[PDB]
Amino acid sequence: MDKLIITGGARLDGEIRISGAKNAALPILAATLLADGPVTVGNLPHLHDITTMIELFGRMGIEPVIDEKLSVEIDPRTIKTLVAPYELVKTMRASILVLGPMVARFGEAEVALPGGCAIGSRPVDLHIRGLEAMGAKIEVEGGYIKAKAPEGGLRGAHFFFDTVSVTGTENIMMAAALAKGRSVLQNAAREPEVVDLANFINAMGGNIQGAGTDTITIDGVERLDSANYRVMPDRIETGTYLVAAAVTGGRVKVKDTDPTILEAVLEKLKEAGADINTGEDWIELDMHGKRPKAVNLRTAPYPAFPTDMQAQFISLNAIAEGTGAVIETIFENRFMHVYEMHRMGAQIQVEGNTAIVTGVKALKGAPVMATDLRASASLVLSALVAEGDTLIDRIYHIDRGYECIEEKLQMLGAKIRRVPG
């Protein structure tokens, strides 16, 4: 119903505060189930995926308490139904993150098996085999992953991920924290959300070492004592606002972030002709009104260029000077945004997993449709440098991946407004 009308031309200039990592808050909220008492999770971003995670906890019997804005107190001792119903899992496949801790703490779980997702192929085979490696008897029946740990809880084991998985590493890490004995995860996801999740379990009395590297070692404990924690900054949001400034040729000082969690993104911004300055908890980018130069990029697991920034750089190459090759290795058909940009005058040829972008002088305003919680931000970025008005429909997707995108751009001098239907 809600829409965003954006008038291009405006040069961005200002500073905004970054929200907590969406992909760190979800696994940490799921990790609260491992605790044996009330746990307060701070620096949460005000976006819909956090709200869907709160509903899920409601459906299970847990009643979250908001002591302050961007903060939730979770008490897992009031849990009644060990079920992640399909009515909610169908809306957010990240709900599967509850499977691991729920099985390792309470002994069983019935999580709905995720269906299809527009982005591409996103099976959860590794999530299931990882829990089986720890003795759990799992079966897919009636659309649910009916898991049940063996008597005496889960057992520690050496499990190898054939493919690097972020949420896969997270489920098995959480389960390994309460399993009996030592668990060793091989070819683990090295994303900072994983590290931030480990630091949460360790704060609670967990024995996790290796997070950040390909080999995570977990020494099981019988019970994780409650302890408060503040979620890390969102590396994707941070990057998205740096590109917003870059695309428009203006400047921005992104605050409350971390420069060490997006080296690849900052390095691509320098190749495009941007000047970057950084502090301990802030980043400052300034193009000085220069038309960027096309850059090539290849998505891959962290610390490589993240796929959640792939779309954002296509909107940069769209008005750049020269040809840029934006390649996908994670999700090879994540280019819906490209076909919407065609309407705005962007010249891009997509062949398989590669998007060849030919930079034109400027874009043209046209009504577009959002369809990806992170990639559709590129439509918001392209609209900022498009002659005329750009009406972006189906923004509920954008609301899932970004905290008040309209308000943050308005502080940077952007001419953008929300239009409720």
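So that there is no doubt, residue numbering starts at 1 and follows the sequence shown.
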| property | result |
| --- | --- |
| 272-280 versus 143-151 - which carries the larger mean C-alpha B factor in the record | 272-280 |
| Between the two ranges 374-382 and 59-67, the one averaging a larger CA B factor in the entry | 59-67 |
| Deposited CA B-factor, highest of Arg334, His127, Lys255, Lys90 | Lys255 |
| Highest recorded Cα temperature factor - choice among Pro192, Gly239, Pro233, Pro292 | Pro292 |
| Third of the chain's Cα B-factor distribution that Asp219 belongs to, per the entry | highest |
| Within-chain third of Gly120 by Cα B-factor, per the entry | middle |
| Ranked against its chain, the third holding the CA B-factor of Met102 | lowest |
| CA B-factor ranking of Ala203, expressed as a third of its chain | middle |
| Record-listed C-alpha B factor of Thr323: chain third | middle |
